[PDB]
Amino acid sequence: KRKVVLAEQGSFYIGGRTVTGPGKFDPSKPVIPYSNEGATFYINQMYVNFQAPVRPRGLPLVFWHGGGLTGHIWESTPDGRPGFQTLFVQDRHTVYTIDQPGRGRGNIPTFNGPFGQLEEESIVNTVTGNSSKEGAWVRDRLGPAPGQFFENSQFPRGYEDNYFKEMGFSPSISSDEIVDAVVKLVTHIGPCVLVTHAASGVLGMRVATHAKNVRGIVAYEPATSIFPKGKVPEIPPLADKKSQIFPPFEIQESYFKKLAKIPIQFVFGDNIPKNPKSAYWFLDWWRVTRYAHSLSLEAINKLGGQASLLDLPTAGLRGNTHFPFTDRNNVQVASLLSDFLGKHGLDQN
């Protein structure tokens, strides 16, 4: 189950821009400590890893980590079982895994001075934000409160430290520049399928509207819904009657209509309440966010699309967290992804 035969593997950087400091560079003057004087800095570039099997069949898969994550989540589970990278190379697909700008091996744009500041210009904010272990525990639905598990949980218990260690902050790079890097990658790859997660859900939808090479999307628990501009439906507040889900992203209808031209599947795990749950903010947030996505998919289908919501419990898989692809039953989750690819001919040459 662990063996993999690669025709080739490697990694590269793509996307990004440059910014420049003031003045000139004199190679005769001390280079350390480093200075912005005469400086060119490459910023906002993305890291890309690829592994290609012998005799690939179908389109390459581009696995795009969720918020605060890296391509690690597709390589291995926290307890060291094979991730989707290995499983899909074994399923005969070329597999690309990225670290988006601002995350992991992607660029974090900072210079000589306060974080993110190039002289007078703020490239990214000096003040950061970052979830705690406790916030991630409830966001990911391991259980209703930190340290508590749902009885049915598929989480690899005992490997909590390993799991939370994979998460971190993201600097305030604009979403436009993140989308731009992935559009450039899709242009480089050719026809492909995006497999997204959480924060990369809305970003992958945007990429597809800019890149006809995206031939399908599977999004694991996307975090932000998308609608045509001016056509956001009524979405309730949370059960606390004060909080809202993430403001839906709005795009011009001419771009939104491109989503109707490819198969799209959103995949949700378990333990999302059907009814308001004021005691558990993130559980209630997932209830309303899932509802908003159901409306987003319906809007795509009213434009002639083929956009579906797969609830893993309906497929017979119980207890999945917000990371179904690293849960204990991730092989069965992968089988459902192979099923989607096969139905839509994305596993054939």
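All residue numbers refer to positions in the sequence shown, first residue = 1.
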query: Residue range whose averaged C-alpha B-factor is higher in the record, 164-172 or 227-235; finding: 227-235
query: Between 293-301 and 54-62 (mean CA B-factor, as deposited), the higher; finding: 54-62
query: Which of 196, 271, 243, 85 ranks first by CA B-factor in the deposited coordinates; finding: 243
query: Residue with highest C-alpha B-factor in the PDB entry, from 206, 141, 277, 105; finding: 277
query: Entry-reported Cα temperature factor of residue 123, expressed as the chain third it lands in; finding: highest
query: Residue 319 by Cα B-factor - lowest, middle or highest third of the modelled chain; finding: middle
query: Residue 308 by Cα B-factor - lowest, middle or highest third of the modelled chain; finding: middle
query: Within-chain third of residue 146 by Cα B-factor, per the entry; finding: middle
query: Assigned third (lowest, middle, highest) for the C-alpha B factor of residue 251; finding: highest
